[PDB]
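Reading through the structure tokens given below for one structure.
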Amino acid sequence: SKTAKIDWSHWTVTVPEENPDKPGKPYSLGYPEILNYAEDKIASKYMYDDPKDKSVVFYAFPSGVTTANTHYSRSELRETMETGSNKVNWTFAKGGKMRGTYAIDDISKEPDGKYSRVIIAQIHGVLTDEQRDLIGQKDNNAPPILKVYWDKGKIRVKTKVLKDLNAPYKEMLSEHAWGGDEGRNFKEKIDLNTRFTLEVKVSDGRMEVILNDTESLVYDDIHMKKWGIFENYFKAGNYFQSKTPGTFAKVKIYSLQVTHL
């Protein structure tokens, strides 16, 4: 209404600041406490309203506080397709769609004078407990099959590839079986302080990323078929890709919608 169009019943947030009651781990909020973000003494520093334009600002910077499988600091949402739970997630065959309206509100430069980079949307894989236990892994982590960056004035997309197409199932379940692709950039340059839309559409063996409802980048080869073994969740916000002292980003979200029809 007066605030950004985000359905808080389907997201958790993790921020850059340490949780005082859980040392070494970043503070997080899930439902229903996330609804209190604006009055949360910790979270409101990093996820807060701009009432002038009805956005939510995600502010992140190197804090030295991260999670076990996350390299950099973040102020970022994690999708919970079932309100209140983290273990209900979706396969590519079930599918999903995420639509967001963003702006890169402010960002630092690196020492070479080029802007720092920020990840604003992801699809993260997740192992089921049965898969985790089959391969004897300590947690349910799996690769980020999709990462969408703002990178030096372009929207850049990175996906994962299976390094050995003959890899057996138990090997394919490990992150070491997957590596990064070469990356693809949208043609339309996206300036700072400029609203733009992203749409991510996932279906069986297929992922499509759409910028400003014009250009699509489509992924629909063997790697997307092989990725079908995982469950997934969306992420959105500010996963800030620098540890250089003094760097930061602020990402605004005006609208964010996920569906699994």
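Ideal geometry is used to build each Cβ from the backbone, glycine not excepted, and the neighbour counts take in all protein chains shown. Just so it is clear, none of the values below were taken in a lab; they were calculated from the coordinates.
Quick notes
- When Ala38, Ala93 are screened for being small (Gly, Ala, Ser), more than 19 Å from the chain's Cα centre (by Cα) and farther than 23 Å from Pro20 by Cα, only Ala93 passes.
One line per residue, one yes/no per condition, for (1) of a type outside the set (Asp, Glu); (2) farther than 30 Å from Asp112 by Cβ:
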{"site": "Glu182", "(1), (2)": "no, no"}
{"site": "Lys187", "(1), (2)": "yes, no"}
{"site": "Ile210", "(1), (2)": "yes, yes"}
{"site": "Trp227", "(1), (2)": "yes, yes"}
{"site": "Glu231", "(1), (2)": "no, yes"}
{"site": "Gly237", "(1), (2)": "yes, no"}
{"site": "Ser255", "(1), (2)": "yes, yes"}
{"site": "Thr259", "(1), (2)": "yes, yes"}
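- Residue check, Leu165 under 15 Å from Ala236 (Cα atoms) and among the aliphatic types (A, V, I, L, M): no
- Matching residues, the stretch 79-115, being closer than 27 Å to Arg206 by Cβ and either crowded, with 20+ Cβ neighbours inside 10 Å or among the hydrophobic types (A, V, I, L, M, F, W, C) (or both): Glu79, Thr80, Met81, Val88, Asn89, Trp90, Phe92, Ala93, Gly96, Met98, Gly100, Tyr102
- Residue ID - nearest to the chain's Cα centre (by Cα), chosen from residues in the stretch 113-167 that are over 30 Å from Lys250 (Cβ atoms) and charged (D, E, K, R): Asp139
- Filtered by the rule that a residue be hydrophobic (A, V, I, L, M, F, W, C), surrounded by 16 or more Cβ atoms within 10 Å (Cβ to Cβ) and closer than 30 Å to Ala93 by Cβ, the stretch 227-261 gives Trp227, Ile229, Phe230, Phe234, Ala236, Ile253, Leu256, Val258.
- Contact map, the stretch 145-173: residues that are surrounded by fewer than 18 Cβ atoms within 10 Å (Cβ to Cβ) paired with residues that are β-branched (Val, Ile, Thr), Cβ distance under 6 Å, separation 6+ or inter-chain. Pairs shown: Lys170/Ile135.
- Applying the criterion of at least 2 residues that are hydrophobic (A, V, I, L, M, F, W, C) and more than 17 Å from the chain's Cα centre (by Cα) to the strands (runs of 3 or more DSSP E) found wholly in the stretch 192-258 leaves 215-219.
- One residue stands out among those in the stretch 174-191 that are in a loop (DSSP other than H, G, I, E, B) and not hydrophobic (A, V, I, L, M, F, W, C): the one that is surrounded by the fewest Cβ atoms within 10 Å (Cβ to Cβ), which is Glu182.
- When restricted to residues that are within 13 Å of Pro144 (Cα to Cα) and hydrophobic (A, V, I, L, M, F, W, C), the stretch 218-242 contains 5.
- Apart from one condition, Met207 fits all of (1) free of Cβ contacts under 8 Å to residues at least 40 places away in the same chain; (2) out of contact with any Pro (no Cβ under 8 Å at 6 or more places or on another chain); the exception is (1).
- Elements of the type strands (runs of 3 or more DSSP E) sitting completely within the stretch 1-103 and holding at least 3 residues that are on the phi > 0 side of the Ramachandran plot: there are none.
- Only a single criterion out of (1) within 18 Å of the chain's Cα centre (by Cα); (2) farther than 16 Å from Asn193 by Cα; (3) touching a residue at least 60 places away in the same chain (Cβ under 8 Å) is not satisfied by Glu110, namely (1).
- Filtering the stretch 210-233 to residues that are among the charged types (D, E, K, R) and in contact (Cβ under 8 Å) with a residue 12 or more places away in the chain leaves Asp213, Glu215, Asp220, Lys225, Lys226, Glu231.
- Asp133 meets all of the listed conditions (1) closer than 30 Å to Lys225 by Cα; (2) assigned to a strand (DSSP E or B) but one, namely (2).
- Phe230 meets all of the listed conditions (1) farther than 30 Å from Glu130 by Cβ; (2) of a type in the set (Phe, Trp, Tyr); (3) in contact with a helix residue (DSSP H, G or I) (Cβ under 9 Å, 6 or more places away or on another chain) but one, namely (1).
- The lone exception for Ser73 - which of (1) free of Cβ contacts under 8 Å to residues at least 24 places away in the same chain; (2) buried (at least 18 other Cβ atoms within 10 Å of the Cβ); (3) of a type in the set (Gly, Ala, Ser) it fails: (1)
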